[PDB]
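The primary structure of each chain is shown beneath.
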Amino acid sequence: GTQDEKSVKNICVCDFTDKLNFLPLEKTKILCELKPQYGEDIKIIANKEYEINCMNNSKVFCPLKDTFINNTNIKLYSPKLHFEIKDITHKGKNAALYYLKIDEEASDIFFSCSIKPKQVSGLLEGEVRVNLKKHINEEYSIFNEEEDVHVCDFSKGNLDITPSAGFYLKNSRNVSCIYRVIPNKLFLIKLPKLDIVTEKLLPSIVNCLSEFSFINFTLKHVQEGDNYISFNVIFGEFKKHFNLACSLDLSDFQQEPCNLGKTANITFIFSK
Amino acid sequence: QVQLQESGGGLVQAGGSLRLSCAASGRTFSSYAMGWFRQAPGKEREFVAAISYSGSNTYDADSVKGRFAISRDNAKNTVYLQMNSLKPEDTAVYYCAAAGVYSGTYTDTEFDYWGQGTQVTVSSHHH
Ligand SMILES: *[C@@H]1O[C@H](CO)[C@@H](O[C@@H]2O[C@H](CO)[C@@H](O[C@@H]3O[C@H](CO[C@H]4O[C@H](CO)[C@@H](O)[C@H](O)[C@@H]4O)[C@@H](O)[C@H](O[C@H]4O[C@H](CO)[C@@H](O)[C@H](O)[C@@H]4O)[C@@H]3O)[C@H](O)[C@H]2NC(C)=O)[C@H](O)[C@H]1NC(C)=O
Ligand SMILES: *[C@@H]1O[C@H](CO)[C@@H](O[C@@H]2O[C@H](CO)[C@@H](O[C@@H]3O[C@H](CO[C@H]4O[C@H](CO)[C@@H](O)[C@H](O)[C@@H]4O)[C@@H](O)[C@H](O[C@H]4O[C@H](CO)[C@@H](O)[C@H](O)[C@@H]4O)[C@@H]3O)[C@H](O)[C@H]2NC(C)=O)[C@H](O)[C@H]1NC(C)=O
Ligand SMILES: *[C@@H]1O[C@H](CO)[C@@H](O[C@@H]2O[C@H](CO)[C@@H](O)[C@H](O)[C@H]2NC(C)=O)[C@H](O)[C@H]1NC(C)=O
Ligand SMILES: *[C@@H]1O[C@H](CO)[C@@H](O)[C@H](O)[C@H]1NC(C)=O
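Residues numbered from 1 in each chain as written, not as in the entry; some residues may be left out. Chains lettered and ligands numbered in written order. Heavy atoms only, no water.

Method-wise, the PDB entry is recorded as coming from X-ray crystallography, at a reported resolution of 4.13 Å.

This is the structure we're talking about:
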């Protein structure tokens, strides 16, 4: 007898109402897997009689230990997330509301919830899997029209290299920004406000540009802003048509209790 | 959604070695955690070994501590089980399992998708 897998899903909602009230012959578990993308919010609706261990009592993924942590709140790993656990009577029947509010800046997370009906026989189970994670890892130099500068933002957004508790594997912690090198134009590399960003990533980007002599560059300032440690570099007139890519590794930077950074990979295109 | 298939099983002598393999299909392999189980004919299904998503954390049982080592290859979409110094009571069908959520449990509860299982029989008393 194999553990049977069922799957339900709605529009940005996980409805387990009147779906967990029967008894199969073998062990079964109905799954509701969701992946929020464009700041969407999720609702989890199930019958009140069911025992629900969600939100504050969920199983969250810990990238530091590469496993899951039992009986923990998800706000302890994605603080910008905020929810509400209320009691509503949906479709006449008394239901349980598990409404989560996902901001745009909310850090990536990966947790599951157990919806178990109280019975002496535990053959039926319900599970909701939440996978908040960035899916765009390859963008270009965002030319700011106001300041006439190119920006490769790794301090936030999709290319965020900030230590996050998101479910990313070893060969998935690769974000990259591509800056088509325009001569004599300012280029910004916004990085998270971290202690080691200036201590190791700044020497890392310096050594990448000095080895190639034909690359005409000039570091102007390292400006600390509100949240971004912007590296201000202007590339001068280049001679040979070349191509360069530099790696600013923060994937190994550990952050308690589970957060891990990303490896920045800026690709420079020298074309006339 | 993921399916599994075991291979490399068969017959072996005591103290030998077997390279058990389990390939997968469907959903991304590197996003699920793998683990081997076995069921001796008559006895129940017991835990053997387990490998994490990236492959850093290995979880083993007492009966096969040191002897059996589990390894995974995310690139090949395949998990392996290197069996060394097979005692004669290892005769069992070895099952391959995948778990979407995995908290290091040593039971079959977290594993959702299962394979078929190959027969591994070990003899002894020299030849
Ligand atoms: C989330 O919740 C799950 C479920 O509780 C947890 O999963 C458990 O994890 C622990 C370890 O963290 C597991 O504990 C292990 O259990 C083994 C079971 O063996 C039993 O049977 C043998 C054979 O009869 C007995 O000899 C043995 O005494 C047990 O009765 C143990 O064998 C393991 O022992 C290991 O460590 C000792 C001490 O070093 C060694 O001497 C042993 O040889 C062996 O190496 C170990 O204790 C447990 O089985 C898991 N499942 C359950 C259901 O509890 C997750 O850990 C938890 N996660 C978080 C983050 O909280
Ligand atoms: C995650 O968060 C949720 C909530 O968001 C927690 O779930 C439970 O939430 C409720 C909120 O009300 C907690 O409070 C409990 O209320 C029960 C309802 O009974 C009240 O109302 C009836 C009438 O409807 C009255 O007759 C009754 O007297 C109560 O006023 C209570 O039954 C609960 O248990 C005990 O409450 C008091 C205080 O000791 C006793 O007098 C009662 O007799 C009873 O024994 C409680 O008051 C509830 O506590 C929350 N659950 C739990 C397990 O604590 C989740 O628990 C949370 N997840 C976690 C913490 O992991
Ligand atoms: C992203 O992937 C690349 C390869 O696709 C990794 O690049 C490494 O680069 C160093 C530079 O000297 C090489 O020595 C390594 O051999 C490369 N690794 C591999 C696997 O080829 C890079 O480490 C990855 N970023 C991560 C994992 O954060
Ligand atoms: C950086 O991105 C470029 C994009 O073409 C890619 O070729 C290169 O392999 C990447 N480098 C790393 C270390 O990921």
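1. Comments concerning the site of ligand 3
Residue and element names in this part refer to chain A. The environment of ligand 3 is made up of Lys170, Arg173, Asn174, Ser251 and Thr263. Here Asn174 contributes a side-chain N or O atom positioned 2.4 Å from an oxygen atom of ligand 3. For ligand 3, an oxygen atom lies 2.5 Å from a polar atom in the side chain of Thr263. Contact with the protein chains covers 26% of the free accessible surface of ligand 3, which is 580 Å². (Near = heavy atom within 4 Å. Polar contact = N/O pair within 3.5 Å; in protein donor to acceptor, adjacent residues only side chain to side chain. Areas by Shrake-Rupley, 256 points an atom, 1.4 Å probe, with all protein chains shown as cover.)

2. Section: the environment of B:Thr78
All names here are of chain B. When you line up the elements, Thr78 lands in strand β8 (residues 78–84). Among the residues examined, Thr78 registers a relative accessible area of 11% and is labelled buried. Between the C-alpha atoms of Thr78 and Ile51, which are 27 residues apart in sequence, the distance is 12 Å. For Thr78, the residues in contact, after removing those within four places along its chain, are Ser21, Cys22, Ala23, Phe29, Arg72 and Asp73. (Helix = DSSP H or I, 4+ residues; strand = E, 2+ residues; numbered from the N terminus. Buried < 20%, exposed > 50% of the residue type's maximum accessible area, 1.4 Å probe, protein only. Contact = heavy atoms within 4.5 Å.)

3. What to know about the interface of chain B and chain A
Across the contact, 24 residues belong to chain B and 19 residues belong to chain A. For the pairing of chain B and chain A, the buried interface totals around 1,600 Å² over both sides, and the portion due to carbon and sulfur atoms is 48%. Sorting the residues of chain B by area buried against chain A places B:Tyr53, B:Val101 and B:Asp112 first, and these three jointly supply 33% of that buried surface. Summed over the shared surface of chain B and chain A, the result is two salt bridges. Among the salt bridges present, the one from B:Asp112 reaches A:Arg129, with a minimum N-O distance of 2.4 Å. Inspection of the chain B/chain A interface yields seven residue pairs in polar contact. By residue class, the composition of the side of chain B that touches chain A is eight nonpolar, 12 polar and four charged. (Buried area = accessible area lost by both parts, 1.4 Å probe. Salt bridge = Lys/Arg side-chain N within 4 Å of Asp/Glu carboxyl O. Nonpolar A, V, L, I, M, F, W, Y, C, P; charged D, E, K, R; others polar.)

4. Structural notes on the site of ligand 1
Neighbouring ligand 1 are A:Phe68, A:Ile69, A:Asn70, B:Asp62, B:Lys65, B:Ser103, B:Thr105 and B:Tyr106. Proximal residues around ligand 1 fall on chains A and B, making this an inter-chain site. In the environment of ligand 1, an oxygen atom lies 2.9 Å from a nitrogen or oxygen atom belonging to the side chain of B:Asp62. Within the side chain of B:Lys65, an N or O atom sits 3.0 Å from an oxygen atom of ligand 1. For ligand 1, the accessible surface in isolation is 1,100 Å², of which the surrounding protein chains cover 31%.

5. Quick notes on the side chain of B:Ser31
By the secondary structure assignment, B:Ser31 is in the loop between β3 (17–26) and β4 (33–39). There is a polar contact of 2.7 Å between the side chain of B:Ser31 and the backbone oxygen of B:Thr28. If we ignore the near neighbours within four places in the chain, the residues touching B:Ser31 are A:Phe167 and B:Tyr53.

6. Topic: the pairing of strand β10 (residues 109–117) of chain A
Taken residue by residue, a regular strand's side chains alternate between the two faces of the sheet. Residue and element names in this part refer to chain A. Of all nine residues in β10, eight are buried; the element is thus mostly enclosed. Across four bridges, strand β5 (residues 50–53) lies against β10 in antiparallel orientation. Considered in β10, the bridge of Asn53 is made with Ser114. Relative to β10, strand β6 (residues 58–62) runs antiparallel, the two being bridged by two bridges. Paired with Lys59 across the two strands is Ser112, which belongs to β10. For β10 and strand β11 (residues 124–132), the ladder comprises seven bridges, and the chain directions are antiparallel. Counterpart to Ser114 in the pairing with β11 is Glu127. In textbook terms, the turn of a hairpin is the stretch between consecutive antiparallel strands, and for β10 and β11 this stretch comprises six residues. (Pairing = 2+ DSSP bridges.)

7. Section: helix α1 (residues 195–210) of chain A
All names here are of chain A. For α1, which comprises 16 residues, the first-to-last C-alpha distance of 24 Å matches the rise-based estimate of 22 Å (1.5 Å per residue) to within 8%. At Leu201, α1 shows its largest kink, close to 30°, and the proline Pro203 lies no more than four residues downstream. Every buried residue of α1 is accounted for by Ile196, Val197, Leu201, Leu202, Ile205, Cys208 and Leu209. (Expected span 1.5 Å × (residues − 1). Bend = angle between axes of the 7 residues up to and from the residue.)

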